[PDB]
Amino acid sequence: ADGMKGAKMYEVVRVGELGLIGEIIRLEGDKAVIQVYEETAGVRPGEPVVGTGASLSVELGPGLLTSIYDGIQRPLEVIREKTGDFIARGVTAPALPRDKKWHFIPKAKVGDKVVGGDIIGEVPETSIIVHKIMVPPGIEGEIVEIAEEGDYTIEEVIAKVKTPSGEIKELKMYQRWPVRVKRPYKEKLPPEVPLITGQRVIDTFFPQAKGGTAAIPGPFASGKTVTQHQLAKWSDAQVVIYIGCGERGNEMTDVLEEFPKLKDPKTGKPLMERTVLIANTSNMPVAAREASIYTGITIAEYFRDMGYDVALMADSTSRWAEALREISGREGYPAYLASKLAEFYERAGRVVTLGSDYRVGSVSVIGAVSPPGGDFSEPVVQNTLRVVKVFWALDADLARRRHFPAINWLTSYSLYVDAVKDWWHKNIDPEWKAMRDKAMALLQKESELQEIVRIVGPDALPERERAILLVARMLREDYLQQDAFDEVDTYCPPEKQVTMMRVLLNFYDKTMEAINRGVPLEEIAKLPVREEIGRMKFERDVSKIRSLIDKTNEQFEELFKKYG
């Protein structure tokens, strides 16, 4: 029975674990399981129960973008005198500006048959995103009335729907949805299309699928911020929903000050215009932090319902991982996570959306797992955890050797390689999967050789093996390592990735061929083309990169004719 500011509840008669953040002297309505009003909930002064009919929900409409909110959709409120300068918690207010005049364009006409998910209108919310106005789930029937091409505010009725029962349902530019019931769809499609991040190591060796689940185990100082920001801005989604902001004391400060300056490199316009932030801080309660991921996923699901690909990005381990007094009859702590965290991840996916038209959207999840409390086994991983399908394992040792991104290629993995190979095969390069497999086998071989060498030295290493170490190094330096700060290498298109790969694998073939014909490895190592390959990541013209294959072959010919 602990807590001071708006939190959850504590039983009543049967299966009770559900309450509400209620203010204006106690208004703890929203019940996830219904009951016959006030019974057993009094602990402190007075304490009655005034329950409402509504559930723990979220407003979904034009006004989400650019907004910051908290665990439950309520706006910023900036306060002075703390860490950096700004400290903020959730203040009870309209989840969306009621004042704002939004521009409605009709996409339906009187007489049209509509179903849940049908797009009836459009509003340009920002200069990047077009907000699609959809019939709420579970409403079908005929369009009897519809607003004209005009400038309205959130609460206005833009359409009337006559259901087949005869009942008239009133529709506005927004809708409500219970944060903890997954928004419906026609069909969850199997993982098939990759979410192109533009990061070579990720797209090639540890790919994410649109609608897939990814985790980033983050040791302190591994370039976690950089990778996070790279993913957010380049990755193949139209909309980003971001949850965190309070893992460092001044994280809220930098979020408040820097975010509006950040630009979307795809359009030049500000990145905030396609983002919805959800802040989780140490000052903010607890209930608005347990419920935060559901608020996030619901808004993410809402944008995918429009036919968008959405990236749900979480980077708030500590604030989220707070425990609570649960003394009662019962099902264990590592099982209180295992129930909900699994259901949260179960809500990721690429879907055929609701609607009379065939339409697809997705929600992909990248969750940062960085603990200040040592290990990440039972504390923040124990579960079947097979629900997360890709791990990008950031690595401090790699970071201090200055290999970036510091993604450990031996302990990361992706179970989406077979799922996405066909897209790469059909759209970009028939040999993609064969090429990553080969490159991986070679990285894997390097790893064993370095262990052996460590134990016995490099003195007696044969030419074949030294060649494998040479080429493996070119793979690490020329391909895995990528420069987020460079104007060209901050993004690597699919077409560039496979070309760079082919250049490298060709050099390998030719290298082993040469050893095979008695050419010394030193002579191969000084080959001029070798260092041009070192710089191809900075080249923007893919054909100039491609020409390196012929250039390589030619130079090996100059080596062959001077031996055999």
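Just count from 1 along the sequence shown to find any residue number.
- According to the entry, the deposited sequence runs straight from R386 to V387 with no unmodelled residues in between.
- Between the stretches 6-14 and 543-551, it is 6-14 that shows the larger average CA temperature factor.
- Stretches 457-465 and 332-340 differ in mean CA B factor, with 332-340 having the higher one.
- Of the candidates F376, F485, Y174, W423, the one whose C-alpha carries the top B factor in the deposited record is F376.
- Annotation for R359, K82, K132, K186: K82 ranks highest, by Cα B-factor.
- Among the modelled residues of its chain, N506 has a C-alpha B-factor that falls in the lowest third, as given in the PDB entry.
- In the deposited entry, the Cα temperature factor of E251 places it in the highest third of its chain's modelled residues.
- Looking at the C-alpha B-factors along this chain, the one for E495 belongs to the lowest third.
- Annotation for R436: CA B-factor lies in the lowest third of the chain's modelled residues.
- When the CA B factors of the chain's modelled residues are split into thirds, the value for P405 lands in the lowest one.
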